[PDB]
């Protein structure tokens, strides 16, 4: 009675339905036969996400310590990454989040609005033809241009960043080359940090250099790992938020009419796309330092936990009987947690909300009739078991 997640992501909708039914704590098999628990309901996910007995420290994973995880397990990169804010808990983690919060402020993000608007305008200007891949031609490049500008990365490097991003995120890149791509990316981040130390500017890298709490400040390695982690965490997720928003408005034409007519705001489209169709279906990975009761079940000490954000987005207990449907007019008692909850909560939430909040109205203001060039059912998930990404978004601009 263990739900094996399909690594080709052939029926995300059925899998999510299965996970909710088997919850709040579902027995799951990750691709390559690795057993873990998934928290698949809203209330229980929030409790676990704030429970200090669920940690990122891979030492705690009994199966890992006992040499039972194949060294070439495809997901070993996700489960065992290099040290960053991502892999720490407790006082070490609070220190990093405090310093990062001084740099990636709500105001720094809001101040990007005009630059995101200009980048969006230039991408829309280049759209030609009656039907286009909106992902490749519009959604894909926007967050790369935005994060490079945010981080103060040399504009000259943008052609190489596009090559590095494509390799990093491609389902075809072998692990050795993903590692070499990440090494070159970290080298670009190190060069950016060394330049901003000499010539401080109004950019996130300069702000991460400057951040301090009673004399304490990030080391060069922590700044580089933070910048590299923000690229890895923020690129395809933001792309998929924009993509999924256009798919949701395309398959719900009466709600498209509400937003295009100004009766519903774009923010309601973005928030409902995040609950209903999060870019991030599962987050690896947490380990229990002791037995943790989850509903009528026990999560054993040394066992692994993934958070099934995709599944729990449509939790009827959180959102009421309509949880299973896209409705941009819904009021819920419970804000979605598609950006996480507790100490590891997404520090990029305002940025991805701003990119989508600028890009969607701009797109439909240029092409108010745009719609899918294929039936929804012909759209394909990429074989990335943790992500809700499409191979392409064929659109008729109109």
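Numbering follows the first chain given and starts at 1.
- Higher mean CA temperature factor, per the PDB entry, when comparing 6-14 with 385-393: 6-14.
- The stretch 290-298 shows the higher mean C-alpha B-factor when 145-153 is compared against 290-298 in the entry.
- When the C-alpha B-factors of 234, 187, 174, 90 are ranked from the entry, the top spot goes to 174.
- Highest C-alpha temperature factor among 215, 162, 324, 106, as the PDB entry reports it: 215.
- Sorting the modelled residues of the chain by their CA temperature factor places residue 339 in the lowest third.
- Sort the modelled residues of the chain by CA B factor and residue 261 lands in the highest third.
- In this PDB entry, the Cα temperature factor of residue 181 sits in the middle third of its chain's modelled residues.
- The entry lists a Cα temperature factor for residue 239 that places it in the lowest third of the chain's modelled residues.
- Among all modelled residues in its chain, residue 47 ranks in the middle third by Cα B-factor.
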